[PDB]
Protein chains: 6
Amino acid sequence: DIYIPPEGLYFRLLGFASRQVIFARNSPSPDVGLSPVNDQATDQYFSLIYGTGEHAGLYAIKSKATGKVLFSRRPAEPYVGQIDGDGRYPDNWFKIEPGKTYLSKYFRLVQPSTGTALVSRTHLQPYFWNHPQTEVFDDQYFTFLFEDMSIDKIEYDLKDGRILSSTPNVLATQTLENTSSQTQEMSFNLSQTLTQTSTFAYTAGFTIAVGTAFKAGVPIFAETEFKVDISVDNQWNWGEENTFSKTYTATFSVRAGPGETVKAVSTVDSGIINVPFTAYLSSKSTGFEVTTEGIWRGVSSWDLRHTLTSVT
Amino acid sequence: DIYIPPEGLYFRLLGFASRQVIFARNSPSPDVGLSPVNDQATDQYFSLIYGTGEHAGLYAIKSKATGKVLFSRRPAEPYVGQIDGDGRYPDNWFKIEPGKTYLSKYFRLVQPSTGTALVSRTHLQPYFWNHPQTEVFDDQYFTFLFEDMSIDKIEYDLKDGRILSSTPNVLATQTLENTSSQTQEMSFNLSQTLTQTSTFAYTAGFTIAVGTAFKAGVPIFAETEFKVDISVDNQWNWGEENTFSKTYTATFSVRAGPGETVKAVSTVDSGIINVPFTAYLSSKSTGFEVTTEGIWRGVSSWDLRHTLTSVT
Amino acid sequence: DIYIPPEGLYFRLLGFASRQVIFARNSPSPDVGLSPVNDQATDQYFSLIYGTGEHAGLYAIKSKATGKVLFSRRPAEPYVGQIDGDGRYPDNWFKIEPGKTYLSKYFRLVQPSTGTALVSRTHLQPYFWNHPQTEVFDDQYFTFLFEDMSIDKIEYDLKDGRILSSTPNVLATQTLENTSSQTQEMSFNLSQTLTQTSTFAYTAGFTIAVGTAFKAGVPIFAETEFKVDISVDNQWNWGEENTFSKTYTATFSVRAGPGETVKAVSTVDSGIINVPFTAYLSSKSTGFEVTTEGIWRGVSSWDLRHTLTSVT
Amino acid sequence: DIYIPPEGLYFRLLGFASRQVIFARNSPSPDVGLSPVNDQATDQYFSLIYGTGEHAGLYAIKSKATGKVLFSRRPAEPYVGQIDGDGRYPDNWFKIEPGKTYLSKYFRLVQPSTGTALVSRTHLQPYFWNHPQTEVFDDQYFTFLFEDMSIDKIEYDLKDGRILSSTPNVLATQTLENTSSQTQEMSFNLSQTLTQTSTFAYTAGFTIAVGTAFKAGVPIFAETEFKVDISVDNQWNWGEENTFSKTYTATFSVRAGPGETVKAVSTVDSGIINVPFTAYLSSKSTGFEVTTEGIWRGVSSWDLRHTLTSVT
Amino acid sequence: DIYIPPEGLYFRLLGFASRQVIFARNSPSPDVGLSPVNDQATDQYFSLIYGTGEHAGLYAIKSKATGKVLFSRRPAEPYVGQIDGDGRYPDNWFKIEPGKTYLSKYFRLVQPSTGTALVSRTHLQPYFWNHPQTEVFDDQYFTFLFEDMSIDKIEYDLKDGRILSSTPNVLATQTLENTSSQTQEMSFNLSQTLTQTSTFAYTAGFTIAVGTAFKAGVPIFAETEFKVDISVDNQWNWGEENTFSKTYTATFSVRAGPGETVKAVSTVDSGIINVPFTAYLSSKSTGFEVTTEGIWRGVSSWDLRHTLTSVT
Amino acid sequence: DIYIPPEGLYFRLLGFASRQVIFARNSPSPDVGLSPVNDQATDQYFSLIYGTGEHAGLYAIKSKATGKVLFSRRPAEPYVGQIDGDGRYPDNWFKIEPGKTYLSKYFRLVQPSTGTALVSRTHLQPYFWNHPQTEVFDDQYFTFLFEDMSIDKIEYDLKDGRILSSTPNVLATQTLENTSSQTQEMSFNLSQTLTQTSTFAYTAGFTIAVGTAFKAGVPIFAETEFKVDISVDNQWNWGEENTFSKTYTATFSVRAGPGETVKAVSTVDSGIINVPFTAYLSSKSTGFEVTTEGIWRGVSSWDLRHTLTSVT
Ligand SMILES: CC(=O)N[C@@H]1[C@@H](O)[C@H](O[C@@H]2O[C@H](CO)[C@H](O)[C@H](O)[C@H]2O)[C@@H](CO)O[C@@H]1O
Ligand SMILES: CC(=O)N[C@@H]1[C@@H](O)[C@H](O[C@@H]2O[C@H](CO)[C@H](O)[C@H](O)[C@H]2O)[C@@H](CO)O[C@@H]1O
Ligand SMILES: CC(=O)N[C@@H]1[C@@H](O)[C@H](O[C@@H]2O[C@H](CO)[C@H](O)[C@H](O)[C@H]2O)[C@@H](CO)O[C@@H]1O
Ligand SMILES: CC(=O)N[C@@H]1[C@@H](O)[C@H](O[C@@H]2O[C@H](CO)[C@H](O)[C@H](O)[C@H]2O)[C@@H](CO)O[C@@H]1O
Ligand SMILES: CC(=O)N[C@@H]1[C@@H](O)[C@H](O[C@@H]2O[C@H](CO)[C@H](O)[C@H](O)[C@H]2O)[C@@H](CO)O[C@@H]1O
Ligand SMILES: CC(=O)N[C@@H]1[C@@H](O)[C@H](O[C@@H]2O[C@H](CO)[C@H](O)[C@H](O)[C@H]2O)[C@@H](CO)O[C@@H]1O
């Protein structure tokens with residue numbers, strides 16, 4: 001159920017076939033066409049104008065560089081281009097039509113009243129053009145390539161954490177020292193590292209770009225609740241599985257019995273854990289805010305136990 | 001070990017390099033060439049004719065629109081095109097050669113007797129042509145883009161279900177009401193929702209398109225067996241992980257002891273579960289049937305328990 | 001380590017051999033001798049006068065009826081009898097000497113300065129006499145047959161309770177009723193009786209007579225602590241094992257799911273339990289107080305559980 | 001299956017009815033008769049002479065003081081008494097006949113060839129006499145009152161130890177100290193006392209007198225084996241249940257994590273335990289050796305555990 | 001709550017003090033008096049005649065040898081004796097008065113209308129006499145010494161069996177044989193003996209004599225129920241703890257894997273078990289029937305397990 | 001943190017936009033340009049020359065076919081091409097600049113001193129050219145398409161294996177045969193197949209091409225350690241999840257008890273398992289060696305148990 005951006009968010013319109021983006025400028029000569037991505041080119045950014053009235057459910061595509069809006073028509077030439085007036089003409093309103101299968105993240109930009117669909121191709125000219133909406137070709141599909149967004153915050157819904165698996169893992173058994181009887185001090189040292197896992201999966205809301213790099217703040221099961229381990233300072237990649245080391249350190253001493261051989265077994269509960277969360281983002285150029293819901297999942301550890309027992 | 005369709009199933013031949021499909025028509029002028037996908041164009045569909053005799057193991061590619069077969073030769077011009085007779089000429093028989101790595105779902109269409117390989121590119125003309133089979137280039141690879149198939153049924157192999165993980169999850173503890181002694185009624189209400197998971201992974205047989213949308217029928221562990229929960233009415237996407245809510249509802253009352261404070265703990269076993277299955281499909285245009293084996297996997301819950309205990 | 005009564009407590013001196021008790025009266029003629037027990041005869045009761053000075057560690061035996069004290073001598077005749085003055089003569093001081101084996105609850109009453117030991121027999125006259133302390137015969141042994149004491153209170157040392165064994169016992173499984181789906185009410189009834197056990201064992205202090213009948217107040221394990229079940233109104237016999245019935249009663253109803261067959265399993269933890277205690281007693285004739293420490297032991301039950309589960 | 005002493009062991013013959021013992025001396029006048037027990041009187045001790053030949057299975061009763069043997073006859077007077085020659089006359093051989101119920105530890109001493117049974121009573125004279133073996137009266141029963149035996153050793157059959165019950169008992173939970181983070185030392189102290197139980201029950205062999213006092217050496221479950229705790233220095237009473245204190249002492253320190261609140265739970269497994277054993281005894285006057293098999297039973301504790309866990 | 005025999009059951013009246021029994025014959029001269037027990041003497045047996053009308057709640061004591069009834073009066077001499085007419089005179093009706101403590105199994109035989117209590121002593125004549133009921137002495141107490149009864153049957157109330165403790169006991173671990181790979185046969189043998197325990201404790205009904213010897217039929221826990229092991233052919237002693245051996249025997253073979261070292265662990269659940277029961281008895285001389293309820297208790301074993309596991 | 005190949009390893013430079021590779025030959029005429037991949041064309045292979053001195057951190061791109069190095073300049077024409085001298089000119093040194101998001105596996109090849117960036121496109125000529133480094137377009141990105149490498153060995157770091165989940169799965173219960181008593185032989189057969197899982201995930205080091213086919217050697221949990229099952233002979237695909245069958249076979253016989261019905265339950269522990277590993281590879285053309293660290297993960301089974309129990 002596709003995410004369409006609200007009015008103040010910018011994006012590029014990437015064509016499935018052309019693998020190129022639409023541009024709209026005042027000059028040079030060709031004012032609208034296709035181009036390889038250049039994040040710094042205002043020329044390639046657009047935002048949507050939500051139609052109202054008989055246009056409710058449709059959208060106008062406003063150029064960020066020129067402020068003009070796109071149009072698609074069949075009678076007059078050229079069939080596509082820019083024009084003033086934020087949607088003054090019926091030629092400026094488009095219906096966003098999601099594709100299926102390999103095109104489920106893509107969609108056509110069909111302008112109803114003229115029965116025309118936007119075209120983006122590099123195999124035939126004009127590269128940026130339109131076609132009778134009834135004949136569907138793959139080069140009529142577009143996807144959103146949103147503006148660079150900064151992930152400002154991650155807020156976990158700890159109350160809804162969940163243990164998906166759990167098996168005890170003995171970190172260190174050995175660590176058993178003796179001295180017959182009397183003695184006095186027997187201290188142990190524990191330093192075990194476990195490779196943990198982390199994945200921030202999209203659930204709903206703003207569609208963050210896969211691989212987006214952001215930082216720390218990862219879930220942990222306490223003993224009766226889930227909590228956030230602010231120490232994990234690794235760099236995460238949105239939508240992808242990352243790994244990180246967790247080291248358990250501990251030092252404890254014993255000796256006080258009639259005379260025994262002390263054994264120390266350090267154990268932890270390891271397993272798969274997951275927690276819901278909400279991410280807060282804002283436009284780097286505008287500060288425009290949005291949110292994204294997601295579920296965080298990972299292999300983790302909890303309940304570090306130290307068991308002491310004497311022998312003879 | 002690549003899936004080659006039987007004789008009555010249609011498909012498009014998508015080129016790795018051109019990202020375009022082969023077409024074969026009677027008119028306009030250029031009767032065979034490349035084109036962006038248009039699912040409604042019979043022009044782009046083909047089926048295979050299984051070679052026999054000295055042609056066993058080879059195939060002819062029959063156009064659905066014209067009924068003619070493709071050919072690849074080096075002497076006479078043009079080197080590729082259409083021709084009558086379901087494989088009358090040695091020029092019509094092809095060897096399907098699977099690629100590796102990034103080309104493991106692709107293959108070359110090599111016509112042995114002429115030592116020629118089909119070509120599909122957009123960087124050089126002719127776009128649809130052939131090349132000496134000994135010199136291998138990426139633009140010689142094709143993949144099947146099968147006709148739209150309807151998923152008519154999913155039959156789970158319940159006897160072979162399997163619990164991959166299991167940990168108790170307390171849905172609701174609290175829910176403990178008192179009234180000292182005497183009293184008479186103490187009823188509790190349980191309404192807890194768990195986000196479940198679902199994935200239909202391909203194992204063998206017909207290669208269903210990733211993302212194909214179909215409906216319900218998902219596995220559940222009873223107490224000693226696996227069963228199908230027909231209530232889950234969510235829309236699934238083949239080959240992809242989906243999520244769905246499961247709500248546990250229950251109402252029970254107590255009170256009948258010498259006078260106590262009743263506590264109610266509702267618990268469930270949550271964990272990863274998987275089950276084998278077979279999907280039955282048919283051509284939307286023909287009704288031609290095929291099957292696909294797969295393994296279904298998901299995070300689930302089972303064995304809802306309600307424990308009652310008095311206090312003082 | 002024998003219990004010798006303090007100065008204000010009365011008792012009878014029962015002879016091992018004679019199986020008769022010593023009496024001391026002013027009249028009839030024979031003022032001191034032996035007699036079968038008659039609890040109402042003041043004639044048979046005595047109390048001890050704790051020696052001091054060079055008599056510390058020795059005792060005088062004062063008659064309750066006459067107030068006179070017993071004496072044991074060898075020169076003058078008769079060798080035993082009564083005399084005024086609470087221990088005026090060296091003839092009135094006795095050493096209490098515990099026996100062993102079958103005589104561990106008995107003891108000789110040896111009067112040191114004369115080297116004489118009290119005698120209590122029915123096979124030879126005089127029945128009540130003495131003998132040279134160096135020649136030990138069984139008829140020189142006595143035991144205390146204390147005055148009737150009332151058990152006023154039992155105070156358990158709950159903090160020190162202890163579970164000696166524990167095994168779950170299913171009181172009632174069956175109790176599973178259905179009605180397919182919809183329905184609305186499904187209430188269960190539980191009434192199970194377990195034969196419990198109870199024994200009040202002597203540990204130290206006043207030696208209560210075995211079989212003494214007294215009432216209620218018996219230990220029970222709560223969930224984290226031991227508590228006293230004041231409901232058990234059975235009559236106990238000190239030092240002996242008693243039995244008593246414990247009935248578990250409960251009524252609870254369910255039904256609120258999409259439609260299932262409800263099962264109810266009522267379970268308890270049964271096992272051996274024991275707890276230390278102190279008993280407070282007083283003389284029925286005097287009100288003289290004493291205490292007795294003991295350990296209470298018994299087969300019991302705890303943690304009644306009711307588990308609800310649906311089926312299909 | 002009654003224990004009859006071998007030839008070199010001495011005993012007294014206690015009568016059920018008379019509750020007196022048989023004596024055989026050279027002087028004064030009455031050389032054989034009844035008497036209250038006097039352990040120092042050689043006069044009351046006897047040993048058995050195992051019959052052989054046609055007397056196999058019968059026994060002669062030899063006086064320790066005079067060395068003569070007892071006889072029972074009907075023609076000549078007196079019917080019972082002493083005589084020289086270790087069983088020269090048929091009058092000296094007796095059949096030991098065990099009684100039942102309240103007489104299961106008693107037996108008649110029947111002299112077959114004369115059809116006479118020994119009598120021991122105080123209600124009619126002669127007190128020590130005989131009666132026609134066919135008419136059985138309670139005063140014809142005797143029991144062995146063996147000479148004082150010293151318990152020299154107890155050897156447990158550890159390999160055959162057995163846990164009859166087992167339940168964890170938390171000795172001390174609390175003992176949890178914090179200091180936020182950093183800190184450095186957090187040591188705990190454990191001192192918990194449990195009242196243990198001990199009983200040495202007769203199984204076979206020499207019948208040790210109930211209540212016989214002897215010392216230490218009591219079973220304990222290690223972790224995989226049973227062992228003897230030589231520290232328990234309490235005084236035991238054969239055949240009776242004794243109690244003794246067991247104190248667990250321990251001191252251990254921790255602190256070494258990123259900063260937590262340490263909790264320490266000391267736990268033990270308590271339950272009923274039993275082990276077979278053999279006791280070695282010898283005559284205090286002779287050094288004559290014998291053994292006694294038995295099973296030792298008691299409430300004990302094992303596997304002291306110390307579990308460390310941090311909190312926040 | 002003392003067991004008084006119904007009309008057709010015979011018994012002896014044993015005196016607490018005299019430790020002798022009452023006899024009633026037609027000749028010799030003294031027709032009623034005291035005597036040491038002689039089970040074969042009809043002379044010592046009596047049965048009760050349950051009073052009715054104004055005598056309801058009282059009893060007459062009928063001699064088995066003479067058929068006459070006992071009487072207790074104060075005016076006429078002798079005060080006690082025999083008389084014809086099954087209770088014709090008011091002198092023949094007695095009130096049975098249970099004692100307490102050491103006399104809880106004894107009772108006085110008080111004849112109300114004359115205010116007299118039966119006496120049984122050997123320290124003063126007449127030995128069998130009576131006394132003013134208001135002055136209570138120990139020699140006024142009697143207890144029942146019932147006729148020899150045969151235990152014909154024991155019927156356990158299996159449904160009410162109960163596990164009081166339970167701990168796994170490994171009978172034999174070792175028994176692990178290898179041969180690398182291939183091989184073919186690896187059979188194990190199990191022969192382990194456990195010393196079990198058995199006690200038949202009185203609960204209610206006929207008071208069987210302690211120590212009474214009878215045979216087999218002992219409880220066992222199956223897997224979900226209790227059953228009777230008819231194989232245990234040991235001789236039991238009523239009211240006392242007995243022991244008996246239980247041997248577990250088993251032979252099983254394996255070998256069929258890719259090549260491993262087989263280990264076999266034979267384990268059982270041992271613990272304390274108890275079950276209610278009813279015993280059926282009858283008079284050896286009459287066949288008169290009675291029952292006795294009781295609880296059976298013992299250390300037992302159940303659920304023999306054999307676990308097979310390979311190694312490398 | 002991108003993997004840049006050391007000096008002796010060859011690769012192709014695939015353009016993000018052109019999806020074509022760079023070639024450098026001596027003839028025909030155009031000596032440098034773009035081309036679809038042809039693994040056999042030496043023409044398309046290059047290796048890097050690690051800059052030193054003021055060029056440390058930069059690289060020269062040496063053609064394998066010609067041995068010449070690439071250059072990028074702005075003054076002189078053509079702006080890009082080949083040249084002798086392994087980095088003689090400042091024009092030959094490039095900075096490798098990793099992209100983000102969809103370009104995280106791609107990078108620009110920027111030549112600093114001229115402020116120029118390599119270009120690879122098919123939408124505008126020249127296809128292989130350069131651009132002012134300050135204006136970034138997607139067609140400036142390249143990725144490594146390494147030479148075919150052979151996976152010579154996989155060495156698991158068994159000591160660091162880890163159980164992520166664990167749940168018992170009963171392979172076969174039923175298999176329970178009887179014959180009442182006596183009998184003699186009762187053998188069982190076990191043959192159960194479980195579909196296991198396997199995935200070799202990249203962690204660090206050489207970036208093996210996804211899908212690369214190689215063979216066997218997969219982890220297994222023993223009982224206390226992880227070991228390699230050399231039997232699994234399946235073909236794996238690097239970076240992708242594969243499946244494989246595991247069959248448990250076993251034959252064992254019993255019968256040796258007093259007469260029972262034998263039941264056999266075969267059980268295993270199934271769950272998710274993972275283990276670190278290092279793969280050793282070498283160039284197929286050179287033998288040049290490299291390594292790749294990775295974590296192996298899969299659904300597995302361990303601890304096959306066979307439990308034997310009798311019934312009646
Ligand atoms: C200038 C103009 O009107 N040109 C059009 C062509 O674009 C058009 O070609 C097709 O356009 C579709 C767009 O979805 C596909 O790109 C397809 O491959 C093209 O064939 C033809 C009619 O087909 O008409 C004019 O020439
Ligand atoms: C009309 C004709 O015969 N043309 C051919 C060219 O197609 C051929 O070019 C190559 O074809 C392969 C196909 O796998 C690749 O597309 C490659 O990039 C092309 O260079 C050349 C010979 O190379 O010969 C004729 O011109
Ligand atoms: C009156 C008097 O002095 N009589 C004594 C006897 O009592 C005494 O007899 C013994 O006393 C002891 C007491 O422990 C035992 O009862 C034993 O059975 C008796 O024999 C004798 C000496 O033995 O002397 C006087 O007769
Ligand atoms: C000297 C002599 O021969 N006396 C006997 C009596 O002892 C005997 O009395 C009985 O003996 C038995 C012994 O088991 C019981 O003690 C019983 O109570 C006595 O009655 C009588 C015969 O009965 O004969 C002689 O008098
Ligand atoms: C023949 C006669 O009447 N004798 C009685 C005695 O028996 C009686 O003695 C007491 O009887 C009681 C019975 O409970 C105890 O045995 C006690 O020890 C005896 O003293 C006396 C009165 O006491 O009267 C007559 O002599
Ligand atoms: C021969 C020459 O110098 N040509 C250049 C063009 O390549 C250049 O065009 C752009 O190049 C970038 C490379 O990152 C993109 O491909 C972009 O789409 C092109 O517009 C133009 C200046 O833009 O200048 C010359 O014509």
Side-chain angles (χ1 to χ4, degrees), chain A residues 15 17-18 74 77-80 108 116-141, chain B residues 20-21 23 28 33-38 41 44, chain C residues 15 17-18 74 77-80 108 116-141, chain D residues 15 17-18 20-21 23 28 33-38 41 74 77-80 108 116-141, chain E residues 20-21 23 28 33-38 41 44:
Chain A
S18 65
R74 261 303 157 162
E77 210 76 67
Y79 303 157
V80 305
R108 298 202 300 157
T116 194
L118 285 184
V119 174
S120 186
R121 65 200 167 181
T122 61
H123 73 101
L124 182 287
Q125 288 183 177
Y127 301 132
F128 179 55
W129 209 228
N130 69 30
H131 196 68
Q133 167 266 159
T134 53
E135 247 213 308
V136 189
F137 284 95
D138 276 347
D139 53 22
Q140 276 158 42
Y141 286 75
Chain B
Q20 288 190 183
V21 128
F23 73 74
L34 296 181
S35 165
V37 175
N38 180 166
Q44 319 185 333
Chain C
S18 65
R74 261 303 157 162
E77 210 76 67
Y79 303 157
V80 305
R108 298 202 300 157
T116 194
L118 285 184
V119 174
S120 186
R121 65 200 167 181
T122 61
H123 73 101
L124 182 287
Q125 288 183 177
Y127 301 132
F128 179 55
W129 209 228
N130 70 30
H131 196 68
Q133 167 266 159
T134 53
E135 247 213 308
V136 189
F137 284 95
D138 276 347
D139 53 22
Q140 276 158 42
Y141 286 75
Chain D
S18 65
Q20 288 190 183
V21 128
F23 73 74
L34 296 181
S35 165
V37 175
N38 180 166
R74 261 303 157 162
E77 210 76 67
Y79 303 157
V80 305
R108 298 202 300 157
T116 194
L118 285 184
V119 174
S120 186
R121 65 200 167 181
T122 61
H123 73 101
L124 182 287
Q125 288 183 177
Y127 301 132
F128 179 55
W129 209 228
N130 69 30
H131 196 68
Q133 167 266 159
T134 53
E135 247 213 308
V136 189
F137 284 95
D138 276 347
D139 53 22
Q140 276 158 42
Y141 286 75
Chain E
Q20 288 190 183
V21 128
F23 73 74
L34 296 181
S35 165
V37 175
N38 180 166
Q44 319 185 333

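Residue numbers start from 1 in every chain, and the chains themselves are labelled A, B, ... in the order their sequence lines are given, proteins ahead of strands. Worth knowing before you read on, the calculation uses all heavy atoms, side chains too, and leaves out hydrogens, waters and symmetry mates. Numbering of ligands and ligand atoms starts at 1, following listing order.
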Assess whether side chain to side chain contact (heavy atoms under 4.5 Å, CB included) is satisfied between A:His131 and A:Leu118, documenting all intermediate values. CA-CA 7 Å; A:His131 196 68; A:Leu118 285 184; over 6 Å; no
Would you mind telling me which of A:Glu135, A:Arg121, A:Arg108, A:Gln133 makes a side-chain contact (heavy atoms from CB on, under 4.5 Å) with A:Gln140?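 The side-chain contact (heavy atoms from CB on, under 4.5 Å) with A:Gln140 is passed solely by A:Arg108 among A:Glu135, A:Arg121, A:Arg108, A:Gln133.
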Closest non-hydrogen atoms of D:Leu34 and D:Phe23, given as atom of the first, atom of the second and distance, are O-CE2, 3.3 Å
Ligand-protein N/O pairs under 3.5 Å (ligand 3):
{"from": "ligand 3", "atom 1": "3 (O)", "to": "C:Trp129", "atom 2": "NE1", "distance (Å)": "3.2"}
{"from": "ligand 3", "atom 1": "7 (O)", "to": "C:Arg121", "atom 2": "NH1", "distance (Å)": "2.8"}
{"from": "ligand 3", "atom 1": "7 (O)", "to": "C:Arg121", "atom 2": "NH2", "distance (Å)": "2.8"}
{"from": "ligand 3", "atom 1": "11 (O)", "to": "C:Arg121", "atom 2": "NH1", "distance (Å)": "2.9"}
{"from": "ligand 3", "atom 1": "14 (O)", "to": "C:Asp139", "atom 2": "OD1", "distance (Å)": "2.8"}
{"from": "ligand 3", "atom 1": "14 (O)", "to": "C:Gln140", "atom 2": "NE2", "distance (Å)": "2.7"}
{"from": "ligand 3", "atom 1": "16 (O)", "to": "C:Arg121", "atom 2": "NH1", "distance (Å)": "3.0"}
{"from": "ligand 3", "atom 1": "16 (O)", "to": "C:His123", "atom 2": "NE2", "distance (Å)": "3.4"}
{"from": "ligand 3", "atom 1": "16 (O)", "to": "C:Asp139", "atom 2": "OD2", "distance (Å)": "2.4"}

Residues D:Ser18 and D:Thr122: side-chain donor-acceptor under 3.5 angstrom: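 No, D:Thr122 and D:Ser18 have no side-chain donor paired with an acceptor closer than 3.5 Å.
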List the steps, then state whether side chain to side chain contact (heavy atoms under 4.5 Å, CB included) holds for A:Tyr141 with A:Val136. CA-CA 9 Å; A:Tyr141 286 75; A:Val136 189; 4.0 Å; yes
Return the set of residues passing side-chain hydrogen bond (donor to acceptor under 3.5 Å, both in side chains) with E:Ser35 (not counting sequence neighbours), or none when no residue passes. E:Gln44
